[PDB]
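Here the structure is laid out as structure tokens; the discussion comes afterwards.
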Amino acid sequence: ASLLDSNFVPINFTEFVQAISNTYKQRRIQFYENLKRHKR
Amino acid sequence: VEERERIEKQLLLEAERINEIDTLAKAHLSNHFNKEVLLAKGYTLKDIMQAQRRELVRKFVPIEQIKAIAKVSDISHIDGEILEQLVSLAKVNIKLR
Amino acid sequence: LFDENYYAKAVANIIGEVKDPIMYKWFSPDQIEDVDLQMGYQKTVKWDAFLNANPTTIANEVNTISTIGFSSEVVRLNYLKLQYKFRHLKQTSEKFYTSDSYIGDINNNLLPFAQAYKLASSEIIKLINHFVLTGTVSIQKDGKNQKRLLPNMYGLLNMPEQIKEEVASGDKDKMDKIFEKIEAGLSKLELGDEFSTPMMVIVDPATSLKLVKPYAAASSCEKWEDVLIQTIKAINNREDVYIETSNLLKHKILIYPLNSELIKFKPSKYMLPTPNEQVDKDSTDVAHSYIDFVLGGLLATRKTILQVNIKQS
Amino acid sequence: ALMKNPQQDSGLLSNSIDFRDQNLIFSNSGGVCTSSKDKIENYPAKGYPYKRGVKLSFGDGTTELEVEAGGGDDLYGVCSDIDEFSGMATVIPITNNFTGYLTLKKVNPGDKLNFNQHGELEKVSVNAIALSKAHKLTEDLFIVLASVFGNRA
């Protein structure tokens, strides 16, 4: 239920809004996964 | 073992048919009917192939030929040799297109 | 929906081009947890105990004993929903403004919906970042004419009941004086049980340039940054110390732990910009759209953030 | 010189990093707060009345009426935008309120402002209230955020 999935097809605006929020969450998850803070 | 050899021959034949159908369908219909997303949605391989064939008919073959040659407007249940004739007509239509 | 609505399709194809907010670097992955609320509030309850007087000696017979009191505290986090409007070009009119290398009326400062939305989203994200760091909403570089916000809405820099240090104007360029105030603030910090946690420092670029100088007759293999990390490592049980620089800050140093127990960010799941379904339409080619975003969700324990201000004359 | 879009080209790319104090430019057309239920009218432009009070001016009769920069008892509306190719000025009627940046005669928030003969705002009929101090864009160009509420003595 995210915009990152190509197979996702929004039936209505409300589902589209939910996909936006899910996509935002997955991106921030991915950012922290890839984040590597510089030590010292 | 030649029985299994001929079985593998038929396997290659239908695999080539599937590959050709998929390659033309990707460039003609949409990316929504890609094999990966259809499998994710939970359709068997043969179901995916027949659905793609029916969509190909619904894109190239005009509806009048469906309700006359195939005797029904809905391609939802016509599958078989009539579906083979329909996809052949769709191939002719895309050739002339 | 996508077939019936062009704008929904446009935003979906363009949302991936918007850069991630910079606030994420200031918080650990665990410190952020989303909530399902557009506008309203959330409440939590904490229980404390305290001593009323000296203990009572149990000798012979006595009926009057000293008491241990209790206190209840209710903490409320407020949320607010805000909206912006921007003009753009109708989809059907884009072809009549397409040019060799651009699309849009340069003379009248108009754009296609997709480009307009992306630029709008980026500016709002900048405003959200400014609020989370500084706790205020303003468009003037001076900082006046602030939008009046609801109470219980605070950022890292404006959080009350925190340790605040001020460096005198005459010692603005003296790194020793600046480091002296930081150490005084570090002593007054009260981590208590939650001490074995990573710490985070955010500084302005002018401060960062002063840090990279060698420690002071000058020393060897020892910079002011290295000394500061050691001092912070003393009080955080030799944990990781991270230093970041933000252009938003000005002569300010912000030090706080990265533990969810002490400071936690609970933003709304609709905090980041989101398109609105309402689109203004008319007979001309000029159309309007709306974007919604939610502010608020920062929570912190008292006396756990160090704020150093270097007064500039 | 005075046009909304400067004719002189820019030597360098702009730095799009800051987001504060980037709206106090003369190219900023329209209003700061705009409602979807606002009445707006285009009219032929006599001169360059952009961001000025306008009044109705009549010719001999061969050509239709036009709008020219002006105020006083003859004030009819506020020009919030202009299209130079067609010479059409978008005018908001005085019967409709407006909030945006307007030309100020060459002032603190709360001051009462009325339009002069040249369609420029000046300190005191009262027509609008200044929402900020004067912002100088050129040696003679002064803009100011104002909210107009029609006519009242």
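Cβ atoms come from the backbone with ideal geometry, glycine included; neighbour counts cover every protein chain shown. None of the figures in this text is laboratory data; all of them are computed from the coordinates on show.
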- Note on the structure: Cα extents of the range C:88-242 along the principal axes, largest first, in whole Å, come to 69, 42, 35
- The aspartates and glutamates whose Cα lies under 19 Å from the Cα of C:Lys177, excluding any fewer than 8 residues away in the same chain, are C:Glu165, C:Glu166, C:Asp204, C:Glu222, C:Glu225, C:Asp226
- Kindly state, as a whole number, the per residue volume in cubic angstrom of the convex hull around the alpha carbon atoms of chain C. 232
- Item | C:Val286 versus C:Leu150: modelled label distance in nm, points set 7 Å from Cα along the beta carbon direction | 3.5
- Query: In angstroms, what radius of gyration and Dmax does the protein assembly as shown have, counting Cα atoms only?
  - Reply: 33.7, 118
- Cβ-Cβ cut-off under 14 Å around C:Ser93, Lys and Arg +1, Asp and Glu -1: the net charge is 0
- Query: In Å and whole numbers, how far do the C-alpha atoms of chain A stretch along each principal axis, longest first?
  - Reply: 50, 17, 7
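In the structure displayed, which of C:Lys46/C:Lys188; B:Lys41/C:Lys266; C:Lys43/C:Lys85; A:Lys36/C:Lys174; C:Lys252/C:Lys303 lie more than 29 Å apart, Cα to Cα? Numbers along the way, then the final one.
Values: C:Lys46/C:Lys188 23 Å; B:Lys41/C:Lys266 34 Å; C:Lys43/C:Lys85 32 Å; A:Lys36/C:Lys174 33 Å; C:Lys252/C:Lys303 17 Å.
B:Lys41/C:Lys266; C:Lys43/C:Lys85; A:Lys36/C:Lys174, as the Cα separations exceed 29 Å there.
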- Going 7 Å from the Cα of C:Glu33 toward and past its Cβ, which residues in the range C:259-302 have a backbone nitrogen under 19 Å from where you end up? C:259-271, C:296-302
- Any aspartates and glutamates with Cα under 18 Å of the D:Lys112 Cα? List them, leaving off those in the same chain fewer than 8 positions away. D:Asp73, D:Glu120, D:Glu122
- Note on the structure: One would report the Cα pair-distance distribution of chain D, bin width 10 Å, in %, as 11, 40, 34, 13, 2, 0
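Please give the FRET efficiency for C:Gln312 paired with D:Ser86, using the beta carbon to beta carbon distance and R0 = 35 Å, rounded to the nearest 0.05. Intermediate results must be reported in sequence, preceding the final value.
Details: r = 52 Å, r/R0 = 1.47.
Efficiency, from the Cβ-Cβ distance: 0.10.
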- For C:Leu150, net neighbour charge (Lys/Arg +1, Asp/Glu -1) across residues whose Cβ lies under 12 Å away: +4
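In what sequence, highest mean first, do B:55-61, C:94-100 appear when ranked by Cβ atoms within 10 angstrom? The partial results should precede the final answer.
Details: B:55-61: 19.1, C:94-100: 10.6.
Ranked from most to least packed, the peptides come out as B:55-61, C:94-100.
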- Message: What's the ranking of C:221-227, B:30-36 by average number of surrounding C-beta atoms within 10 Å, highest first?
- Response: C:221-227, B:30-36
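If you take each beta carbon of peptide A:29-40 and count the beta carbons of other chains within 10 angstrom, what is the mean? Don't skip to the end; give the middle numbers.
Details: counts 1, 1, 5, 7, 1, 0, 3, 0, 8, 3, 4, 7.
Mean shielding by partner chains, rounded to a whole number: 3.
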- Message: Can you tell me what share of the DSSP beta bridges in chain C is antiparallel? A percent to the nearest 5 is fine.
- Response: 75
- Query: Within a Cβ distance under 11 Å of C:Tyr270, other residues only, what is the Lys/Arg minus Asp/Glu net charge?
  - Reply: -1
- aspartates and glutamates whose Cα lies under 19 Å from that of B:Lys46, excluding same-chain neighbours fewer than 8 positions away: B:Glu8, B:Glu14, B:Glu16, B:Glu20, B:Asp22, B:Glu36, B:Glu55, B:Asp79, B:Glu81, B:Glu84
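Which of the peptides C:247-259, B:76-88 is most tightly packed, and how do the rest follow, going by the mean number of other Cβ atoms within 10 Å of each residue?
Going by the mean number of other Cβ atoms within 10 Å, highest first, we get C:247-259, B:76-88.
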- Projected label distance in nm at B:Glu5 and D:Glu64, using a 7 Å step from Cα toward the beta-carbon: 8.9
- Query: In Å and whole numbers, how far do the C-alpha atoms of the range C:64-109 stretch along each principal axis, longest first?
  - Reply: 93, 19, 14
- Pairs beyond 32 Å (Cα-Cα), from B:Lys26/C:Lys81; C:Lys81/C:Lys118; C:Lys25/C:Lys311: B:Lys26/C:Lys81
- C:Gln115/C:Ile68 FRET efficiency (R0 56 Å; Cβ-Cβ; nearest 0.05): 0.30
